[PDB]
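Chains as they are written, first to last, in full-length UniProt numbering: chain F, 3 to 79; chain Z, 147 to 487; chain C, 241 to 255, 270 to 352; chain R, 116 to 951; chain B, 585 to 633. For each residue, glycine too, the CB sits at the ideal point set by N, CA and C. Here's the structure, in structure tokens; my notes come after.
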Amino acid sequence: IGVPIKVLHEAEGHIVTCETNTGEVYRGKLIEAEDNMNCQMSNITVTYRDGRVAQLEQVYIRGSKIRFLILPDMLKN
Amino acid sequence: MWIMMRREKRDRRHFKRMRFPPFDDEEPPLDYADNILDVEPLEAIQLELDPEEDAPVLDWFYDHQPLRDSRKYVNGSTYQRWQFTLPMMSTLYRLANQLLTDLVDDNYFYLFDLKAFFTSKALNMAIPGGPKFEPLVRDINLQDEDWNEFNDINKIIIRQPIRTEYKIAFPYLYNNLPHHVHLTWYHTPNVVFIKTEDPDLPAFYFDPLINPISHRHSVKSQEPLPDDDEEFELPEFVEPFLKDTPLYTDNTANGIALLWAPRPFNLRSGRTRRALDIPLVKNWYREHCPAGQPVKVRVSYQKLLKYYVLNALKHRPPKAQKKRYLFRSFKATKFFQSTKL
Amino acid sequence: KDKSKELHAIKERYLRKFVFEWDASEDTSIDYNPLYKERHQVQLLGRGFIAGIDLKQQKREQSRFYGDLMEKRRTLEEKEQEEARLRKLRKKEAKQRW
Amino acid sequence: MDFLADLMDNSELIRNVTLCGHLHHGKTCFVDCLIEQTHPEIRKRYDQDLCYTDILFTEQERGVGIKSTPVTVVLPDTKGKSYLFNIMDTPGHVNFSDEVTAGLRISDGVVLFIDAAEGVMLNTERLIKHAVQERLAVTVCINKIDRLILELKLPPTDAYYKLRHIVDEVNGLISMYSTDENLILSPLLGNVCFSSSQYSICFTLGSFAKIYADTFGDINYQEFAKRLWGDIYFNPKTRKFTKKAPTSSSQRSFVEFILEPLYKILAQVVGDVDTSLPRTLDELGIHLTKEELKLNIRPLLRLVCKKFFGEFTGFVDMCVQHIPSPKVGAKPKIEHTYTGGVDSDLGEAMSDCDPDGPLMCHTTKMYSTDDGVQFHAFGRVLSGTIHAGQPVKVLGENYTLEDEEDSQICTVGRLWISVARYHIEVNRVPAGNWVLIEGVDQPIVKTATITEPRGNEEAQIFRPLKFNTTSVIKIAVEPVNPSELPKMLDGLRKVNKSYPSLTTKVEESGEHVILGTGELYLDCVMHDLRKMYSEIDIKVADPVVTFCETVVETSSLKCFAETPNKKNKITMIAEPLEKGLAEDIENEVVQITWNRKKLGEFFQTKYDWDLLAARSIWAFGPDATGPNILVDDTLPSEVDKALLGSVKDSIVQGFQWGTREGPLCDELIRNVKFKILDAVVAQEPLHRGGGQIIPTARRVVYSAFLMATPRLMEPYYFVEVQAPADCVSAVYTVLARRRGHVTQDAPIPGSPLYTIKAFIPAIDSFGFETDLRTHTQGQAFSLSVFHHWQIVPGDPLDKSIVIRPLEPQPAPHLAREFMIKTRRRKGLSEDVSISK
Amino acid sequence: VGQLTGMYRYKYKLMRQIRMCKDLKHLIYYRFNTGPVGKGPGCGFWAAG
């Protein structure tokens, strides 16, 4: 169990954003945070690099295209 | 000693009690050098130990200070904080069965706890098996409470009389003025323990003292279950954690039966007590009652319990000291000498 | 006689000499009702016995209720060892008796 | 520490639970184990159970939990995700059912506790029903697994048989109470946990699969978590789980891969602790030092099981995925709890638990301070956010939209979230969480809807706290010196606040009366009244039982009543109801909110009542769930319906209060049907006012009741006792002495203990809890709870019956002896007169 | 001790101990003289008193 995988598992369910390698930023609640970087969110706002933003009732991004993730640091402090 | 002294009292049809004073009364006590030193002492009262069972204690059981030399079991010659293995402790517990009631829980001590006796004392009331005490406060006028509209007889329904133990179990409901009263309702879940009697038996056995479960499959109360070779496979390495170790060893039944032993025999290790401070029959008059015994020993039971409760209630924490031993100062003094005798 | 005693108890509630032997007037076990005059002695599953009292005296004095319960529940496949252990005991304390 | 507040802010990572269970089933020890897991500095004593949540002293001395205690704790999950847990470990004694309900209204999850060696007991039989009726997800945690091994010494196969027998009995019993068919409990599904609190053992099948996966590795713990419980087996050669036996002496998967390792490890730590203990800890990775191996057997077992299993992840993931979150469970909670339901604006505002929406938090407890002066309310913020110093509006239980007078605007002094002994001060509490509000004690008794001032205009209140039992036993209370009577009034108010079903009452004779459930309950409440709140002396009358008044046959004549003006005239007939109809009213089966067609069909089919009256039934006894009934049976030609509809309300008002008091004495009237045969109402609304109809209504009700042959109904407690088979006769002899009778004597499967279920009169059941244990020398034990009411033997209205002062009367005199003394206790007349 | 030594005549409180010991005797005897033991001077369980 790694520190980043543990932070991704403990950061699931709260409001956080995740930017992929293609510029797609999905912000919402991480419903499923797997150990392989697979992030599944429900009702998340996905904004592409062109500027168009939409809402997804159930989205799931794989861990191969994971760029960065910004979540609330209240659990670390 | 208890198990054998009952046999020579059964073997000796009559008993030749030693004369008193054994030494000629008003006669200078016999010198130790001329008589006692040479005469070989007679054999002492001792139980022959079975090497097949009592072997863990066979080597040293009747010594002056058992296991004094063994650094493994005791700390040293100061003779404190002994450590005993489970076979040793189980053998001692089996040998002490004559001085130990086979009570596993304390639910048998419902209204014979010392807290209930404190309540009975503070209420000037007596459990039928319990002792009598002087009133904490005379309150004779308070005993002579007048016939009010509160405690009026014609307003009171009597179906079953309010016995003393009722007023003791609930000393804030059935009585008035409960000062210096204590509470006890420690109905610990009555431990369901069945001590083994078969020397040869599986330690985890379904003995007939347990009502059969009587498993049934009449109604198809099914649950999510798989079929054979259905999307699952186990690694060759994985196994139950403990395959080599047996389910139960020989020392498993003794160890489990040692959990519910009395206070002295549930300790793997503990400090050393004095010969004075071990009340052997303490758990005898603490028992509920004597089963159909005459009056002159029933009153003996209440009079033992009375002093026990008085000591428990009047107990105070020991006062802080500076530990000035007496014989140590004697050894420091030039006027005294030490000698084994 | 229990009724008169219990009604009398209800009425009670709501309305130099170096002697060593105690008096019989300090006895408290006197009870006006049967449920405390004759308490159900703990059979303790039949396998537990009072400390001071002798073992086999209790065994023969015991109510035998658990004995017949075991006789009812025990099956033949596991009665052989019961009979064998019982006879081996009878023999080994017969050693002491003889 | 601040992560506590950060997680507090979120509303989806929060669980509201109650560890409700039978008496002495390890619930308090379970919470103590959770505390020992979280707080490192809090270490339990080697022998004495710490009992962390038992904070008040009386439960620290009696050994029984008495009042629910809030526990707010952050628990890691199986995967390591922190969750904020609100724990309401309700007291297990059936006489303390008050706090189970008080903690169940403000919780969304039910975690049952069942002793592995005791099986389903009396208490649990009512908690499953209650939790289902309150619409909470139900989960079972069989506690004290050690009893099947260290005490029963059952073979592992028989241990599994016992476990499945107690698991399916819960499923079989709950199918009567639960209408939905999604409520099937099984450890493979994840509903059932197995634990031993004393030795800190705790696991769900998923958790144990996680241990094996942790050891061996490359194991998916979900698939292996499934295929563990059941009749399937494991084939050592093909490495596949099969329904059929792979060998002749096969073994179930659960026993083979869970129960057997537990047996072996605890047998190795209780047997051969000196020879084969290091060998069995090397094989398990549990490394211990010398000094932690020199302890006794119990601490060593607890330490080794803590090291092997680890943290209490099994309970956490059992709870997380099988009880709804507040954001998910709010809708059923509101539609069963809020008076207006979800339909109203505030009702819809609750379905989402918005932290910034309207604040109408609900408080259902009173946790006093250490000086007993002020009462800190405890409640769940169902929505909105609260702050320290915020000016808030506290509602009441009689507060409605029309009756705006039952409220007070207060100032929330401080806020803190509490975990047993120590409290954590917080300035802000978001929605869907618990809180001790301070400074709101003054306008509240028991429950309260603390909401926003001038912001929630149409907001209603939450439904009154409905219980499972009934306050039956009744004790009189007076000061020793009447010169300090007011000192006792405030103490009685305080104990009324800190006990949900306590019913203080002053009667005409200047008598103060306290209503309770059982002997231990009244003992505790009076100990609180004496040593905690009033610190004065109090005289108590010996406990007495409330009675009920009923009929058996119709009156000989149609006795009527007229107003003093001799203008209105109402004629009514009192007759008994159908056997079982009264129960079908108190169970909320039928209501007054029903439409006419549904009630008409109900009474046409189930009770074959004629439609000429089935659509002419006004009221249901006293209050709303009252077992009595008012029936309109006047032919329309003689009684004008338009004229009737004016007094249709006032007659009920004089009836709903008429049956409450009772003519014989001030006791409830139960199981009576009132037929109106003639109504002569004033043609003008001037002289037919309530002040004339209502006395006439009560007089005609009393006259019909008296002319009908009256009877007293005494409440019978349902008593279960657990005793070894050698003491079953010792229970029969005791129960026969108190007019009781035994219903069943069933041995508990997998245990020598029995279960004798009997009924006993409540007035005859005083001291029986002690009359049994002392007679059986503590082996037997009894629990009591109100079951039903029965006609007291004899006729209550015979003048030939003489009541002697201080000795019990036979059965035929009881109905005469009980009321008259009751009448004498009520200060009323010696006998009953037709004028009343 | 009272019968053998007249020490109670020089400190009355000793009667307590005296009675205490006698009570202990009764306790041990009734537990000692059980079954086929019979009554007699055959008890040496002195550590109790």
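Check, Outcome
"How is the alpha helix (DSSP H) around residue 20(F) delimited, first residue to last?", "First-last for residue 20(F): 17-22, but that is the beta strand (DSSP E), not the alpha helix (DSSP H)."
"Residue 733(R) by DSSP, collapsed to three states: which one?", "coil"
"Measuring only the C-alpha atoms, how far is residue 548(R) from residue 540(R)?", "15 Å"
"Rounded to whole angstroms, how far is the Cβ of residue 298(R) from the Cβ of residue 249(R), which I believe are closer than 8 Å?", "Their Cβ separation, rounded to whole angstroms, is 13 Å, which puts residue 298(R) and residue 249(R) out of contact at 8 Å."
"Does the beta carbon of residue 291(Z) sit closer than 8 Å to a beta carbon anywhere in chain C?", "no"
"Given that a residue counts as buried once 16 or more other Cβ atoms are within 10 Å of its Cβ, and exposed if not, what is residue 700(R)?", "buried"
"Kindly indicate which residue of 292(Z), 206(Z) and 246(Z) has the alpha-carbon position closest to the one of residue 234(Z).", "206(Z)"
"Checking contacts by CB at 8 Å: is residue 286(C) closer than that to chain R?", "no"
"Let me know the secondary structure DSSP gives residue 554(R) once reduced to three states.", "coil"
"With DSSP collapsed to three states, give me the class of residue 65(R).", "The structure shown has nothing for residue 65(R), since chain R only spans 116 to 951."
"With the cut-off set at 8 Å, would you say residue 662(R) and residue 829(R) are in Cβ contact?", "yes"
"Would you decide whether residue 695(R) is buried or exposed? Buried here means 16 or more other CB atoms lie within 10 Å of its CB.", "exposed"
"Measuring CA to CA, which of 388(Z), 469(Z), 307(Z) and 220(Z) is closest to residue 853(R)?", "307(Z)"
"What residues in the stretch 844-859 of chain R bring their beta carbon closer than 9 Å to a beta carbon of chain C?", "844, 845, 848, 849 and 852"
"Looking at the C-beta of residue 472(R), does it have a partner C-beta in chain F at a distance below 8 Å?", "no"
"Could you have a look at residue 847(R) and say whether DSSP puts it in helix, strand or coil?", "helix"
"Give me, in chain order, the residues of the same chain whose beta-carbon lies closer than 8 Å to that of residue 273(Z); leave out the 5 immediate sequence neighbours on both sides.", "257, 258, 262, 263, 266, 310, 311 and 314"
"Kindly indicate the opening and closing residues of the beta strand (DSSP E) around residue 224(R).", "224-230"
"Within the chosen definition, does the stretch 813-820 of chain R reach the stretch 698-714 of chain R through at least 3 CB pairs nearer than 8 Å?", "no"
"Could you check what DSSP says for residue 148(Z) in three-state terms: helix, strand or coil?", "helix"
"Which residues mark the beginning and the end of the alpha helix (DSSP H) in which residue 506(R) is found?", "No alpha helix (DSSP H) holds residue 506(R); the beta strand (DSSP E) holding it covers 506-509."
"Any beta-carbon of chain F closer than 8 Å to the one on residue 127(R)?", "yes"
"Counting only Cβ pairs nearer than 9 Å, list the residues of chain B close to residue 192(Z).", "Within 9 Å Cβ-Cβ: nothing; residue 192(Z) doesn't reach chain B, min ~13 Å."
"Can you give me the start and stop residues for the alpha helix (DSSP H) that residue 305(Z) sits inside?", "From DSSP, residue 305(Z) is part of no alpha helix (DSSP H); its letter is neither H nor E."
"Would you mind reading off the limits of the beta strand (DSSP E) that contains residue 491(R)?", "490-496"
"For the putative contact between residue 589(R) and residue 628(R), defined by C-beta atoms under 8 Å, what is the C-beta separation to the nearest angstrom?", "6 Å"
"Using a beta-carbon distance below 8 Å, is residue 300(C) in contact with chain B?", "no"
"Starting from the Cα of residue 492(R), find the closest Cα among 553(R), 132(R) and 453(R) and give me that residue.", "553(R)"
"Please state whether DSSP places residue 683(R) in a helix, a strand or coil.", "coil"
"Using a Cβ-Cβ cut-off of 8 Å (strictly less than) and excluding sequence neighbours within five positions of residue 637(R), which residues of its own chain qualify?", "588, 590, 629, 631 and 658"
"Exposed or buried, what is residue 125(R) when buried is set at 16 or more other beta-carbons lying within 10 Å of its beta-carbon?", "buried"
"Which residues in the same chain have their Cβ closer than 6 Å to the Cβ of residue 214(R), if we skip the five residues on either side of it in sequence?", "182, 183, 205 and 206"
"Give me the chain B residues within the contact set of residue 154(Z), using Cβ-Cβ distance strictly less than 8 Å, ordered along the chain.", "626"
"Using 8 Å as the threshold, is the stretch 324-334 of chain R in touch with the stretch 276-296 of chain R, meaning 3 or more CB pairs across them?", "no"
"With H, G and I counted as helix, E and B as strand and the rest as coil, what does DSSP make of residue 340(R)?", "helix"
"So, is residue 163(R) buried or exposed, given that buried needs 16 or more other C-beta atoms within 10 angstroms?", "exposed"
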